[PDB]
Amino acid sequence: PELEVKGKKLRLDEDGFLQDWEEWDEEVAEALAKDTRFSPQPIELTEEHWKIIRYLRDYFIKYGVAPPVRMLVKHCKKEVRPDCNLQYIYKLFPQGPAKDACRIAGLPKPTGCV
């Protein structure tokens, strides 16, 4: 499938993930967050969402894969709220960290976000 952002026709897979992952930026993230082809609950990206997205993206660029959910929770506890837990991650990202957060962060696959 395609996602057109700022004139660029970006390739998605059939789960909505950005295959042209190197083209991601904050406007692409917004487009992905609002992409109702791939979610029935489009998201507003609050400061809390953006802390998670930035961590996930940085992890993927450094380490080459999505982080496990364990690591996302470890970050959410320090940088979002100390009581963060899986319920809170799903409040932010209703389809979960793999299907929503990794997708919005522009990873090409959710592989490893478990």
# chains A, B, ... in the order shown; residues from 1 in each chain; ligands from 1
call {"tool": "residues_around", "arguments": {"residues": "residue 29 (chain A)", "least_positions_apart": "4", "cutoff": "9 Å", "atoms": "only C-alpha atoms", "output": "number ranges by chain"}}
result
A: 24-25, 33-34, 45, 53, 103-106
call {"tool": "write_last_selection", "arguments": {"atoms": "N, CA and C atoms", "output": "JSON list (two decimals), in the first residue's frame"}}
result
[["chain", "number", "residue", "atom", "x", "y", "z"],
["A", 24, "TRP", "N", 11.24, 8.18, 7.24],
["A", 24, "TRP", "CA", 10.43, 8.63, 8.35],
["A", 24, "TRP", "C", 10.90, 10.00, 8.86],
["A", 25, "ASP", "N", 9.94, 10.78, 9.32],
["A", 25, "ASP", "CA", 10.15, 12.00, 10.07],
["A", 25, "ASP", "C", 8.90, 12.25, 10.88],
["A", 33, "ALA", "N", -0.06, 7.82, 12.48],
["A", 33, "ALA", "CA", -0.92, 7.83, 13.67],
["A", 33, "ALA", "C", -2.38, 8.02, 13.30],
["A", 34, "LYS", "N", -2.62, 8.72, 12.18],
["A", 34, "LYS", "CA", -3.97, 9.05, 11.73],
["A", 34, "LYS", "C", -4.44, 8.09, 10.62],
["A", 45, "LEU", "N", -0.86, 12.36, 19.07],
["A", 45, "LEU", "CA", 0.46, 12.15, 19.64],
["A", 45, "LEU", "C", 0.80, 13.24, 20.64],
["A", 53, "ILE", "N", 7.77, 7.10, 21.17],
["A", 53, "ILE", "CA", 8.15, 7.01, 19.74],
["A", 53, "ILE", "C", 9.63, 7.32, 19.56],
["A", 103, "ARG", "N", 4.76, 0.91, 14.47],
["A", 103, "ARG", "CA", 4.28, 1.39, 13.18],
["A", 103, "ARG", "C", 4.45, 2.90, 13.08],
["A", 104, "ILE", "N", 4.00, 3.64, 14.10],
["A", 104, "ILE", "CA", 4.05, 5.09, 14.07],
["A", 104, "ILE", "C", 5.49, 5.60, 14.10],
["A", 105, "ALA", "N", 6.39, 4.85, 14.74],
["A", 105, "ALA", "CA", 7.81, 5.16, 14.78],
["A", 105, "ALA", "C", 8.51, 4.82, 13.49],
["A", 106, "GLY", "N", 7.84, 4.33, 12.47],
["A", 106, "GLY", "CA", 8.43, 4.13, 11.18],
["A", 106, "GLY", "C", 9.32, 2.94, 11.02]]
call {"tool": "residues_around", "arguments": {"residues": "region 3-8 of chain A", "least_positions_apart": "2", "cutoff": "12 Å", "atoms": "only C-alpha atoms", "output": "PDB file with N, CA, C and O atoms, in the first residue's frame"}}
result
ATOM      1  N   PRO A   1       0.894  -1.206   0.000  1.00  0.00           N
ATOM      2  CA  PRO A   1       0.000   0.000   0.000  1.00  0.00           C
ATOM      3  C   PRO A   1       0.904   1.219   0.000  1.00  0.00           C
ATOM      4  O   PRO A   1       2.088   1.073   0.153  1.00  0.00           O
ATOM      5  N   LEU A  10       5.208   6.828  -0.207  1.00  0.00           N
ATOM      6  CA  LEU A  10       5.979   5.917   0.620  1.00  0.00           C
ATOM      7  C   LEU A  10       5.308   4.568   0.596  1.00  0.00           C
ATOM      8  O   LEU A  10       4.079   4.438   0.656  1.00  0.00           O
ATOM      9  N   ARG A  11       6.104   3.506   0.569  1.00  0.00           N
ATOM     10  CA  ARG A  11       5.605   2.131   0.575  1.00  0.00           C
ATOM     11  C   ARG A  11       5.325   1.638   1.989  1.00  0.00           C
ATOM     12  O   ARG A  11       6.194   1.718   2.870  1.00  0.00           O
ATOM     13  N   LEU A  12       4.097   1.102   2.162  1.00  0.00           N
ATOM     14  CA  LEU A  12       3.703   0.385   3.373  1.00  0.00           C
ATOM     15  C   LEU A  12       3.535  -1.068   3.071  1.00  0.00           C
ATOM     16  O   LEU A  12       3.166  -1.419   1.944  1.00  0.00           O
ATOM     17  N   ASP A  13       3.696  -1.934   4.049  1.00  0.00           N
ATOM     18  CA  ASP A  13       3.239  -3.314   3.926  1.00  0.00           C
ATOM     19  C   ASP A  13       1.734  -3.381   4.256  1.00  0.00           C
ATOM     20  O   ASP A  13       1.076  -2.401   4.569  1.00  0.00           O
ATOM     21  N   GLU A  14       1.189  -4.609   4.168  1.00  0.00           N
ATOM     22  CA  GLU A  14      -0.259  -4.791   4.342  1.00  0.00           C
ATOM     23  C   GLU A  14      -0.704  -4.715   5.807  1.00  0.00           C
ATOM     24  O   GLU A  14      -1.898  -4.801   6.073  1.00  0.00           O
ATOM     25  N   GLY A  16       0.516  -1.988   7.450  1.00  0.00           N
ATOM     26  CA  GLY A  16       0.648  -0.555   7.622  1.00  0.00           C
ATOM     27  C   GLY A  16       2.018  -0.048   7.974  1.00  0.00           C
ATOM     28  O   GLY A  16       2.177   1.161   8.234  1.00  0.00           O
ATOM     29  N   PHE A  17       3.021  -0.927   8.005  1.00  0.00           N
ATOM     30  CA  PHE A  17       4.383  -0.530   8.405  1.00  0.00           C
ATOM     31  C   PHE A  17       5.109   0.063   7.227  1.00  0.00           C
ATOM     32  O   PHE A  17       5.025  -0.431   6.086  1.00  0.00           O
ATOM     33  N   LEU A  18       5.894   1.105   7.519  1.00  0.00           N
ATOM     34  CA  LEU A  18       6.694   1.840   6.538  1.00  0.00           C
ATOM     35  C   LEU A  18       7.901   1.028   6.082  1.00  0.00           C
ATOM     36  O   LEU A  18       8.855   0.842   6.826  1.00  0.00           O
ATOM     37  N   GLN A  19       7.858   0.569   4.842  1.00  0.00           N
ATOM     38  CA  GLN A  19       8.990  -0.185   4.261  1.00  0.00           C
ATOM     39  C   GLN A  19      10.154   0.731   3.902  1.00  0.00           C
ATOM     40  O   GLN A  19      11.312   0.373   4.048  1.00  0.00           O
ATOM     41  N   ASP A  20       9.810   1.960   3.445  1.00  0.00           N
ATOM     42  CA  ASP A  20      10.754   3.029   3.186  1.00  0.00           C
ATOM     43  C   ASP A  20      11.100   3.708   4.515  1.00  0.00           C
ATOM     44  O   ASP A  20      10.894   4.899   4.702  1.00  0.00           O
ATOM     45  N   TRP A  21      11.577   2.926   5.490  1.00  0.00           N
ATOM     46  CA  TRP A  21      11.748   3.384   6.872  1.00  0.00           C
ATOM     47  C   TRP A  21      12.699   4.552   6.980  1.00  0.00           C
ATOM     48  O   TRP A  21      12.565   5.369   7.907  1.00  0.00           O
ATOM     49  N   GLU A  23      12.717   7.088   5.221  1.00  0.00           N
ATOM     50  CA  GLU A  23      11.985   8.320   4.886  1.00  0.00           C
ATOM     51  C   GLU A  23      11.203   8.869   6.057  1.00  0.00           C
ATOM     52  O   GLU A  23      10.547   9.879   5.947  1.00  0.00           O
ATOM     53  N   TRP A  24      11.239   8.182   7.236  1.00  0.00           N
ATOM     54  CA  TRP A  24      10.432   8.633   8.349  1.00  0.00           C
ATOM     55  C   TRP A  24      10.896  10.004   8.864  1.00  0.00           C
ATOM     56  O   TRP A  24      12.096  10.318   8.913  1.00  0.00           O
ATOM     57  N   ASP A  25       9.938  10.782   9.322  1.00  0.00           N
ATOM     58  CA  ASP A  25      10.155  12.005  10.069  1.00  0.00           C
ATOM     59  C   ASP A  25       8.895  12.251  10.875  1.00  0.00           C
ATOM     60  O   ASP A  25       7.922  11.467  10.840  1.00  0.00           O
ATOM     61  N   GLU A  26       8.856  13.359  11.623  1.00  0.00           N
ATOM     62  CA  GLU A  26       7.713  13.584  12.494  1.00  0.00           C
ATOM     63  C   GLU A  26       6.411  13.763  11.739  1.00  0.00           C
ATOM     64  O   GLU A  26       5.364  13.414  12.309  1.00  0.00           O
ATOM     65  N   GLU A  27       6.440  14.294  10.523  1.00  0.00           N
ATOM     66  CA  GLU A  27       5.186  14.408   9.755  1.00  0.00           C
ATOM     67  C   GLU A  27       4.727  13.067   9.264  1.00  0.00           C
ATOM     68  O   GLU A  27       3.524  12.785   9.192  1.00  0.00           O
ATOM     69  N   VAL A  28       5.656  12.177   8.887  1.00  0.00           N
ATOM     70  CA  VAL A  28       5.266  10.828   8.541  1.00  0.00           C
ATOM     71  C   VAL A  28       4.661  10.131   9.743  1.00  0.00           C
ATOM     72  O   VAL A  28       3.641   9.417   9.623  1.00  0.00           O
ATOM     73  N   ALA A  29       5.238  10.319  10.935  1.00  0.00           N
ATOM     74  CA  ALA A  29       4.680   9.712  12.153  1.00  0.00           C
ATOM     75  C   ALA A  29       3.227  10.143  12.346  1.00  0.00           C
ATOM     76  O   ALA A  29       2.375   9.341  12.717  1.00  0.00           O
ATOM     77  N   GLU A  30       2.959  11.446  12.174  1.00  0.00           N
ATOM     78  CA  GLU A  30       1.606  11.943  12.298  1.00  0.00           C
ATOM     79  C   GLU A  30       0.663  11.275  11.307  1.00  0.00           C
ATOM     80  O   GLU A  30      -0.460  10.844  11.666  1.00  0.00           O
ATOM     81  N   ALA A  31       1.083  11.126  10.060  1.00  0.00           N
ATOM     82  CA  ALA A  31       0.280  10.474   9.041  1.00  0.00           C
ATOM     83  C   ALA A  31      -0.028   9.029   9.436  1.00  0.00           C
ATOM     84  O   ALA A  31      -1.133   8.545   9.278  1.00  0.00           O
ATOM     85  N   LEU A  32       0.985   8.333   9.936  1.00  0.00           N
ATOM     86  CA  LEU A  32       0.827   6.938  10.370  1.00  0.00           C
ATOM     87  C   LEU A  32      -0.159   6.879  11.556  1.00  0.00           C
ATOM     88  O   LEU A  32      -1.029   6.000  11.618  1.00  0.00           O
ATOM     89  N   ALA A  33      -0.059   7.815  12.485  1.00  0.00           N
ATOM     90  CA  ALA A  33      -0.915   7.834  13.668  1.00  0.00           C
ATOM     91  C   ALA A  33      -2.385   8.021  13.304  1.00  0.00           C
ATOM     92  O   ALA A  33      -3.261   7.549  14.023  1.00  0.00           O
ATOM     93  N   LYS A  34      -2.615   8.719  12.182  1.00  0.00           N
ATOM     94  CA  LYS A  34      -3.966   9.051  11.731  1.00  0.00           C
ATOM     95  C   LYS A  34      -4.439   8.086  10.622  1.00  0.00           C
ATOM     96  O   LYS A  34      -5.493   8.308  10.032  1.00  0.00           O
ATOM     97  N   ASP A  35      -3.697   7.035  10.300  1.00  0.00           N
ATOM     98  CA  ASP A  35      -3.979   6.178   9.145  1.00  0.00           C
ATOM     99  C   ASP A  35      -5.032   5.153   9.506  1.00  0.00           C
ATOM    100  O   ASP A  35      -4.773   4.048   9.963  1.00  0.00           O
ATOM    101  N   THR A  36      -6.301   5.511   9.271  1.00  0.00           N
ATOM    102  CA  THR A  36      -7.448   4.680   9.638  1.00  0.00           C
ATOM    103  C   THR A  36      -7.579   3.433   8.781  1.00  0.00           C
ATOM    104  O   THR A  36      -8.391   2.571   9.060  1.00  0.00           O
ATOM    105  N   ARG A  37      -6.763   3.295   7.743  1.00  0.00           N
ATOM    106  CA  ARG A  37      -6.706   2.001   7.047  1.00  0.00           C
ATOM    107  C   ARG A  37      -6.157   0.919   7.916  1.00  0.00           C
ATOM    108  O   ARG A  37      -6.377  -0.256   7.638  1.00  0.00           O
ATOM    109  N   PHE A  38      -5.384   1.282   8.929  1.00  0.00           N
ATOM    110  CA  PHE A  38      -4.651   0.340   9.720  1.00  0.00           C
ATOM    111  C   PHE A  38      -4.969   0.431  11.201  1.00  0.00           C
ATOM    112  O   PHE A  38      -4.379  -0.304  11.981  1.00  0.00           O
ATOM    113  N   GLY A 106       7.837   4.332  12.466  1.00  0.00           N
ATOM    114  CA  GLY A 106       8.425   4.131  11.177  1.00  0.00           C
ATOM    115  C   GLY A 106       9.317   2.940  11.017  1.00  0.00           C
ATOM    116  O   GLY A 106      10.167   2.929  10.142  1.00  0.00           O
TER     117      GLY A 106
END
call {"tool": "select_by_dssp", "arguments": {"residues": "chain A", "states": "strand (DSSP E or B)", "output": "list in words"}}
result
residues 2, 3, 4, 5, 8, 9, 10, 11, 12 and 18 of chain A
call {"tool": "write_last_selection", "arguments": {"atoms": "N, CA and C atoms", "output": "PDB file, in the first residue's frame"}}
result
ATOM      1  N   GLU A   2       0.339   2.386  -0.182  1.00  0.00           N
ATOM      2  CA  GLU A   2       1.062   3.666  -0.238  1.00  0.00           C
ATOM      3  C   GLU A   2       0.621   4.598   0.877  1.00  0.00           C
ATOM      4  N   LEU A   3       1.532   5.448   1.293  1.00  0.00           N
ATOM      5  CA  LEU A   3       1.223   6.557   2.195  1.00  0.00           C
ATOM      6  C   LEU A   3       1.871   7.794   1.607  1.00  0.00           C
ATOM      7  N   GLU A   4       1.089   8.778   1.217  1.00  0.00           N
ATOM      8  CA  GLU A   4       1.689   9.980   0.595  1.00  0.00           C
ATOM      9  C   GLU A   4       1.864  11.033   1.635  1.00  0.00           C
ATOM     10  N   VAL A   5       3.095  11.505   1.826  1.00  0.00           N
ATOM     11  CA  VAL A   5       3.412  12.476   2.827  1.00  0.00           C
ATOM     12  C   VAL A   5       4.310  13.514   2.190  1.00  0.00           C
ATOM     13  N   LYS A   8       5.767  12.716  -1.190  1.00  0.00           N
ATOM     14  CA  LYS A   8       6.453  11.463  -1.369  1.00  0.00           C
ATOM     15  C   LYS A   8       5.495  10.302  -1.217  1.00  0.00           C
ATOM     16  N   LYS A   9       5.555   9.375  -2.159  1.00  0.00           N
ATOM     17  CA  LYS A   9       4.720   8.182  -2.150  1.00  0.00           C
ATOM     18  C   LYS A   9       5.497   7.056  -1.462  1.00  0.00           C
ATOM     19  N   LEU A  10       5.208   6.828  -0.207  1.00  0.00           N
ATOM     20  CA  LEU A  10       5.979   5.917   0.620  1.00  0.00           C
ATOM     21  C   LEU A  10       5.308   4.568   0.596  1.00  0.00           C
ATOM     22  N   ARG A  11       6.104   3.506   0.569  1.00  0.00           N
ATOM     23  CA  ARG A  11       5.605   2.131   0.575  1.00  0.00           C
ATOM     24  C   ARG A  11       5.325   1.638   1.989  1.00  0.00           C
ATOM     25  N   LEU A  12       4.097   1.102   2.162  1.00  0.00           N
ATOM     26  CA  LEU A  12       3.703   0.385   3.373  1.00  0.00           C
ATOM     27  C   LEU A  12       3.535  -1.068   3.071  1.00  0.00           C
ATOM     28  N   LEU A  18       5.894   1.105   7.519  1.00  0.00           N
ATOM     29  CA  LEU A  18       6.694   1.840   6.538  1.00  0.00           C
ATOM     30  C   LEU A  18       7.901   1.028   6.082  1.00  0.00           C
TER      31      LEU A  18
END
call {"tool": "residues_around", "arguments": {"residues": "residue 97 (chain A)", "least_positions_apart": "6", "cutoff": "9 Å", "atoms": "only C-alpha atoms", "output": "PyMOL selection string"}}
result
chain A and resi 69+72+89-90+103+110+113-114
call {"tool": "write_last_selection", "arguments": {"atoms": "N, CA, C and O atoms", "output": "CSV table (one decimal), in the first residue's frame"}}
result
chain,number,residue,atom,x,y,z
A,69,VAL,N,9.0,-5.3,24.6
A,69,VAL,CA,8.0,-4.5,25.4
A,69,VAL,C,8.6,-4.2,26.8
A,69,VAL,O,8.4,-3.1,27.3
A,72,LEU,N,10.5,-1.0,26.5
A,72,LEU,CA,9.6,0.1,26.4
A,72,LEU,C,9.0,0.4,27.8
A,72,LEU,O,8.9,1.6,28.1
A,89,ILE,N,0.4,1.7,28.4
A,89,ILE,CA,0.9,1.7,27.0
A,89,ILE,C,-0.2,1.5,26.0
A,89,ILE,O,-0.2,2.1,25.0
A,90,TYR,N,-1.2,0.6,26.4
A,90,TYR,CA,-2.3,0.4,25.5
A,90,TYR,C,-3.3,1.5,25.5
A,90,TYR,O,-4.0,1.8,24.5
A,103,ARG,N,4.8,0.9,14.5
A,103,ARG,CA,4.3,1.4,13.2
A,103,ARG,C,4.4,2.9,13.1
A,103,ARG,O,5.0,3.4,12.1
A,110,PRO,N,7.3,-5.1,13.0
A,110,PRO,CA,7.2,-5.1,14.4
A,110,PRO,C,8.0,-6.2,15.1
A,110,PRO,O,7.9,-6.4,16.3
A,113,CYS,N,9.1,-6.9,19.0
A,113,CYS,CA,8.4,-6.1,20.0
A,113,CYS,C,7.4,-6.9,20.6
A,113,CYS,O,6.2,-7.0,20.2
A,114,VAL,N,7.9,-7.6,21.6
A,114,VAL,CA,7.2,-8.7,22.3
A,114,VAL,C,7.4,-8.7,23.8
A,114,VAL,O,8.4,-8.1,24.2
call {"tool": "closest_residue", "arguments": {"among": "A:83, A:41, A:47, A:64", "to": "residue 107 (chain A)", "atoms": "only C-alpha atoms"}}
result
A:64
call {"tool": "atom_distance", "arguments": {"atom1": "CA of residue 60 (chain A)", "atom2": "CA of residue 101 (chain A)"}}
result
12.2 Å
call {"tool": "residues_around", "arguments": {"residues": "residue 80 (chain A)", "least_positions_apart": "3", "cutoff": "9 Å", "atoms": "only C-alpha atoms", "output": "PyMOL selection string"}}
result
chain A and resi 47-49+51-52+75-77+83-84
call {"tool": "write_last_selection", "arguments": {"atoms": "N, CA and C atoms", "output": "tab-separated table (two decimals), in the first residue's frame"}}
result
chain	number	residue	atom	x	y	z
A	47	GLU	N	2.79	14.59	24.30
A	47	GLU	CA	4.19	14.48	24.74
A	47	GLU	C	4.54	13.09	25.18
A	48	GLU	N	3.64	12.37	25.83
A	48	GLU	CA	3.88	11.02	26.32
A	48	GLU	C	4.10	10.05	25.17
A	49	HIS	N	3.25	10.13	24.15
A	49	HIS	CA	3.42	9.35	22.94
A	49	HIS	C	4.77	9.63	22.31
A	51	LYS	N	7.57	10.70	23.62
A	51	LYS	CA	8.70	10.13	24.35
A	51	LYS	C	8.88	8.67	23.99
A	52	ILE	N	7.79	7.93	23.88
A	52	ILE	CA	7.87	6.53	23.52
A	52	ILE	C	8.34	6.32	22.08
A	75	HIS	N	11.52	2.28	29.96
A	75	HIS	CA	11.59	3.68	29.59
A	75	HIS	C	10.37	4.50	30.02
A	76	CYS	N	9.17	3.94	29.81
A	76	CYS	CA	7.95	4.64	30.19
A	76	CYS	C	7.93	4.94	31.70
A	77	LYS	N	8.51	4.04	32.52
A	77	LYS	CA	8.57	4.23	33.96
A	77	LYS	C	9.45	5.41	34.36
A	83	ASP	N	4.42	4.73	37.54
A	83	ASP	CA	3.45	3.65	37.59
A	83	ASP	C	3.11	3.12	36.21
A	84	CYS	N	3.90	3.52	35.17
A	84	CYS	CA	3.58	3.04	33.85
A	84	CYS	C	3.56	1.51	33.83
call {"tool": "select_by_dssp", "arguments": {"residues": "chain A", "states": "helix (DSSP H, G or I)", "output": "compact mmCIF listing (two decimals) with C-alpha atoms, in the first residue's frame"}}
result
# COMPACT_ATOMS: atom_id res chain seq x y z
CA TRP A 21 11.75 3.38 6.87
CA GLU A 22 14.62 5.75 6.05
CA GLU A 23 11.99 8.32 4.89
CA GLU A 26 7.71 13.58 12.49
CA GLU A 27 5.19 14.41 9.76
CA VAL A 28 5.27 10.83 8.54
CA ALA A 29 4.68 9.71 12.15
CA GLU A 30 1.61 11.94 12.30
CA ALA A 31 0.28 10.47 9.04
CA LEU A 32 0.83 6.94 10.37
CA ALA A 33 -0.92 7.83 13.67
CA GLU A 47 4.19 14.48 24.74
CA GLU A 48 3.88 11.02 26.32
CA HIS A 49 3.42 9.35 22.94
CA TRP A 50 6.39 11.26 21.50
CA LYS A 51 8.70 10.13 24.35
CA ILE A 52 7.87 6.53 23.52
CA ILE A 53 8.15 7.01 19.74
CA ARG A 54 11.53 8.71 20.07
CA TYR A 55 12.89 5.91 22.25
CA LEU A 56 11.61 3.22 19.92
CA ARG A 57 13.00 4.91 16.82
CA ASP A 58 16.39 5.52 18.45
CA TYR A 59 16.58 1.92 19.63
CA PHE A 60 15.79 0.65 16.16
CA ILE A 61 18.44 2.85 14.50
CA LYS A 62 21.10 1.84 17.08
CA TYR A 63 20.40 -1.77 17.65
CA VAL A 69 8.04 -4.55 25.38
CA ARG A 70 10.11 -5.00 28.58
CA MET A 71 12.44 -2.18 27.44
CA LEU A 72 9.59 0.07 26.41
CA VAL A 73 8.04 -0.32 29.89
CA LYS A 74 11.43 0.33 31.50
CA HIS A 75 11.59 3.68 29.59
CA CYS A 76 7.95 4.64 30.19
CA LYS A 77 8.57 4.23 33.96
CA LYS A 78 11.46 6.72 33.99
CA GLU A 79 10.39 9.21 31.42
CA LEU A 86 1.05 -2.38 29.96
CA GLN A 87 -2.42 -0.92 30.54
CA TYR A 88 -1.02 2.58 30.18
CA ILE A 89 0.93 1.68 27.03
CA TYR A 90 -2.31 0.37 25.50
CA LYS A 91 -4.17 3.54 26.57
CA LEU A 92 -1.58 5.51 24.57
CA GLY A 96 -0.47 -2.14 21.35
CA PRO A 97 3.23 -1.39 21.18
CA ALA A 98 3.87 -3.58 18.14
CA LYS A 99 0.92 -2.71 15.91
CA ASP A 100 0.69 0.98 16.83
CA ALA A 101 3.88 2.29 18.47
CA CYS A 102 6.42 0.54 16.22
CA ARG A 103 4.28 1.39 13.18
CA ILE A 104 4.05 5.09 14.07
call {"tool": "atom_distance", "arguments": {"atom1": "CA of residue 109 (chain A)", "atom2": "CA of residue 93 (chain A)"}}
result
16.3 Å
call {"tool": "closest_residue", "arguments": {"among": "A:66, A:15, A:111, A:95", "to": "residue 43 (chain A)", "atoms": "only C-alpha atoms"}}
result
A:95
call {"tool": "decode", "arguments": {"residues": "region 20-36 of chain A", "atoms": "N, CA, C and O atoms", "output": "PDB file, in the first residue's frame"}}
result
ATOM      1  N   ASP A  20       9.810   1.960   3.445  1.00  0.00           N
ATOM      2  CA  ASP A  20      10.754   3.029   3.186  1.00  0.00           C
ATOM      3  C   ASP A  20      11.100   3.708   4.515  1.00  0.00           C
ATOM      4  O   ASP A  20      10.894   4.899   4.702  1.00  0.00           O
ATOM      5  N   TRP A  21      11.577   2.926   5.490  1.00  0.00           N
ATOM      6  CA  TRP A  21      11.748   3.384   6.872  1.00  0.00           C
ATOM      7  C   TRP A  21      12.699   4.552   6.980  1.00  0.00           C
ATOM      8  O   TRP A  21      12.565   5.369   7.907  1.00  0.00           O
ATOM      9  N   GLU A  22      13.645   4.658   6.064  1.00  0.00           N
ATOM     10  CA  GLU A  22      14.616   5.755   6.050  1.00  0.00           C
ATOM     11  C   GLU A  22      13.974   7.096   5.706  1.00  0.00           C
ATOM     12  O   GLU A  22      14.622   8.130   5.873  1.00  0.00           O
ATOM     13  N   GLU A  23      12.717   7.088   5.221  1.00  0.00           N
ATOM     14  CA  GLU A  23      11.985   8.320   4.886  1.00  0.00           C
ATOM     15  C   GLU A  23      11.203   8.869   6.057  1.00  0.00           C
ATOM     16  O   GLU A  23      10.547   9.879   5.947  1.00  0.00           O
ATOM     17  N   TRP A  24      11.239   8.182   7.236  1.00  0.00           N
ATOM     18  CA  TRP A  24      10.432   8.633   8.349  1.00  0.00           C
ATOM     19  C   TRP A  24      10.896  10.004   8.864  1.00  0.00           C
ATOM     20  O   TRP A  24      12.096  10.318   8.913  1.00  0.00           O
ATOM     21  N   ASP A  25       9.938  10.782   9.322  1.00  0.00           N
ATOM     22  CA  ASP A  25      10.155  12.005  10.069  1.00  0.00           C
ATOM     23  C   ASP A  25       8.895  12.251  10.875  1.00  0.00           C
ATOM     24  O   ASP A  25       7.922  11.467  10.840  1.00  0.00           O
ATOM     25  N   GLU A  26       8.856  13.359  11.623  1.00  0.00           N
ATOM     26  CA  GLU A  26       7.713  13.584  12.494  1.00  0.00           C
ATOM     27  C   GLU A  26       6.411  13.763  11.739  1.00  0.00           C
ATOM     28  O   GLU A  26       5.364  13.414  12.309  1.00  0.00           O
ATOM     29  N   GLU A  27       6.440  14.294  10.523  1.00  0.00           N
ATOM     30  CA  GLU A  27       5.186  14.408   9.755  1.00  0.00           C
ATOM     31  C   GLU A  27       4.727  13.067   9.264  1.00  0.00           C
ATOM     32  O   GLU A  27       3.524  12.785   9.192  1.00  0.00           O
ATOM     33  N   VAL A  28       5.656  12.177   8.887  1.00  0.00           N
ATOM     34  CA  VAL A  28       5.266  10.828   8.541  1.00  0.00           C
ATOM     35  C   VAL A  28       4.661  10.131   9.743  1.00  0.00           C
ATOM     36  O   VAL A  28       3.641   9.417   9.623  1.00  0.00           O
ATOM     37  N   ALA A  29       5.238  10.319  10.935  1.00  0.00           N
ATOM     38  CA  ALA A  29       4.680   9.712  12.153  1.00  0.00           C
ATOM     39  C   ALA A  29       3.227  10.143  12.346  1.00  0.00           C
ATOM     40  O   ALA A  29       2.375   9.341  12.717  1.00  0.00           O
ATOM     41  N   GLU A  30       2.959  11.446  12.174  1.00  0.00           N
ATOM     42  CA  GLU A  30       1.606  11.943  12.298  1.00  0.00           C
ATOM     43  C   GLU A  30       0.663  11.275  11.307  1.00  0.00           C
ATOM     44  O   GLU A  30      -0.460  10.844  11.666  1.00  0.00           O
ATOM     45  N   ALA A  31       1.083  11.126  10.060  1.00  0.00           N
ATOM     46  CA  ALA A  31       0.280  10.474   9.041  1.00  0.00           C
ATOM     47  C   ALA A  31      -0.028   9.029   9.436  1.00  0.00           C
ATOM     48  O   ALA A  31      -1.133   8.545   9.278  1.00  0.00           O
ATOM     49  N   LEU A  32       0.985   8.333   9.936  1.00  0.00           N
ATOM     50  CA  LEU A  32       0.827   6.938  10.370  1.00  0.00           C
ATOM     51  C   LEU A  32      -0.159   6.879  11.556  1.00  0.00           C
ATOM     52  O   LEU A  32      -1.029   6.000  11.618  1.00  0.00           O
ATOM     53  N   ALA A  33      -0.059   7.815  12.485  1.00  0.00           N
ATOM     54  CA  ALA A  33      -0.915   7.834  13.668  1.00  0.00           C
ATOM     55  C   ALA A  33      -2.385   8.021  13.304  1.00  0.00           C
ATOM     56  O   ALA A  33      -3.261   7.549  14.023  1.00  0.00           O
ATOM     57  N   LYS A  34      -2.615   8.719  12.182  1.00  0.00           N
ATOM     58  CA  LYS A  34      -3.966   9.051  11.731  1.00  0.00           C
ATOM     59  C   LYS A  34      -4.439   8.086  10.622  1.00  0.00           C
ATOM     60  O   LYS A  34      -5.493   8.308  10.032  1.00  0.00           O
ATOM     61  N   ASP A  35      -3.697   7.035  10.300  1.00  0.00           N
ATOM     62  CA  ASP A  35      -3.979   6.178   9.145  1.00  0.00           C
ATOM     63  C   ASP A  35      -5.032   5.153   9.506  1.00  0.00           C
ATOM     64  O   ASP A  35      -4.773   4.048   9.963  1.00  0.00           O
ATOM     65  N   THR A  36      -6.301   5.511   9.271  1.00  0.00           N
ATOM     66  CA  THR A  36      -7.448   4.680   9.638  1.00  0.00           C
ATOM     67  C   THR A  36      -7.579   3.433   8.781  1.00  0.00           C
ATOM     68  O   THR A  36      -8.391   2.571   9.060  1.00  0.00           O
TER      69      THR A  36
END
